[PDB]
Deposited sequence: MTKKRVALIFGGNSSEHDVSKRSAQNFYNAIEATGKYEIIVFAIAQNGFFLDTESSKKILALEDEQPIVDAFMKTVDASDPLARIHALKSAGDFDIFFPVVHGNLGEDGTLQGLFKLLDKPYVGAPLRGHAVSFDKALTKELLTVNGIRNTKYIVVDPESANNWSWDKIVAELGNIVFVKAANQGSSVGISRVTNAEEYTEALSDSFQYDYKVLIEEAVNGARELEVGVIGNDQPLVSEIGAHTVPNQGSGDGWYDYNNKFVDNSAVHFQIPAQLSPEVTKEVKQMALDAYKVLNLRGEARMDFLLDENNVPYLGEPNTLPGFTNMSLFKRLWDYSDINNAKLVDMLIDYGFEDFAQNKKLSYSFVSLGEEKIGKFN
């Protein structure tokens, strides 16, 4: 109605399609408040930003490739800023609302661009996304801070050489997970139980990153996911447990519930997160909760957990997205007080 929101979706990842679905439910939520004007932008799998008109169609779920191909013919290959030129195609706006799942929205890249343009945005700062995205970086901060998670080892092409399977077993056990540090959703992940699987797991993971993480596996089969939103004073959702069949509120003992919610809160702060996040846990056979991977940009599709978690806290989609936008505006205001002055130099 006045304030303009730039809703960005898409991304050069394997989760390109899931992004479109999340973007739609966010759009409807922002629209349902009647306070802002939405301007949508899409990022094709080739990294290029698309104009508002082309992206409006892609959001509607129309065949994407023809739309992209047509756009690529209007691009000037001699412009070093061509990949982001389409961002001005619809004029000035007030705040970015990122919903790009994968290697652009969760690793901190887009957030760098947002700061350079001195414009507000929703979600965590670039540092927060960067630490939450890097598998190794996440475990190191959580461990030094006392938040329970599995035992692990970080290797590279050369160090991996000092780690025979027998040594890995002495440290982590006979059942481990090998994986590329920076990579998302799938590839580079392996379930190792013996020396044969380990040798080939390293070769595989070393194709997606030069830094591999090896961690022991939790025996228990009970996934827990909790949402957290806010800045200086975070809110924690109810717990969703596995009984894609999520049970809410999770049926755990009063003690396990408060412990899992506290870990989610403590983790959010040590990981330097802001705005929104989903904390995924693993509960073993003795009801001991282990914080797994943090999610800086959760899915908002019809079937994803974050789409209905806040309903159990009386926060509907409209209120939720409105809170996310207020937090974004607030943090920009706080960072505006910070000084970057200095005593002028000379000869």
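Student: Pop the missing stretches of the deposited sequence into a list, counting residues from 1 and keeping sequence order.
Tutor: No C-alpha for residues 1, 245 to 266, 371 to 377.
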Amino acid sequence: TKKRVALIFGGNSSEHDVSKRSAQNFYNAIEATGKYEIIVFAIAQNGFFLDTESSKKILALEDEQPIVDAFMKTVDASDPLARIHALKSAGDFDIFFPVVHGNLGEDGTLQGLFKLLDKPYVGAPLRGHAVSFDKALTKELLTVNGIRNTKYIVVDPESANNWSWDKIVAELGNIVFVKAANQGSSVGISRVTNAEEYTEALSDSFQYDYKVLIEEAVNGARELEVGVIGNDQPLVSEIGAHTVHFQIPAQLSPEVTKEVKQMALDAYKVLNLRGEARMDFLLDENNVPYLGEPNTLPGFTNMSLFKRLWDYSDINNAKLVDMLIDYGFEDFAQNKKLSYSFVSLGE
From here on, numbers count along this sequence of modelled residues.
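Student: Select between 55 to 63 and 296 to 304 the stretch whose C-alpha atoms have the higher average B-factor in the entry.
Tutor: According to the PDB entry, the answer is 55 to 63.
Student: When the C-alpha temperature factors are averaged for each of 113 to 121 and 78 to 86, which stretch ends up with the higher value in the entry?
Tutor: It is 78 to 86 that shows the higher mean C-alpha B-factor.
Student: When you compare the CA B-factors of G184, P98, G173, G230 as listed in the entry, which one comes out on top?
Tutor: Comparing C-alpha B-factors across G184, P98, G173, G230, the maximum falls on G184.
Student: Taking the values straight from the PDB record, which of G108, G146, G188, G275 has the highest C-alpha temperature factor?
Tutor: In the PDB entry, the greatest C-alpha B-factor among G108, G146, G188, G275 is found at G188.
Student: Split into thirds by Cα B-factor across the chain's modelled residues, where does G91 land: lowest, middle or highest?
Tutor: Tercile = middle for this residue's CA B-factor.
Student: Splitting the chain's C-alpha B-factors into thirds, which one does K336 fall into?
Tutor: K336: CA B-factor falls in the highest third of its chain.
Student: State the tercile, meaning the lowest, middle or highest third, of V270 with respect to the CA B-factors recorded for its chain.
Tutor: Lowest third.
Student: Using the B-factor values recorded in the entry, state whether the Cα atom of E259 falls in the lowest, middle or highest third among the modelled residues of its chain.
Tutor: Middle third - that is where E259 ends up once the chain's C-alpha B-factors are sorted.
Student: Going by what the PDB entry lists, where does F206 fall on CA B-factor within its chain: lowest, middle or highest third?
Tutor: It falls in the top third of the chain.
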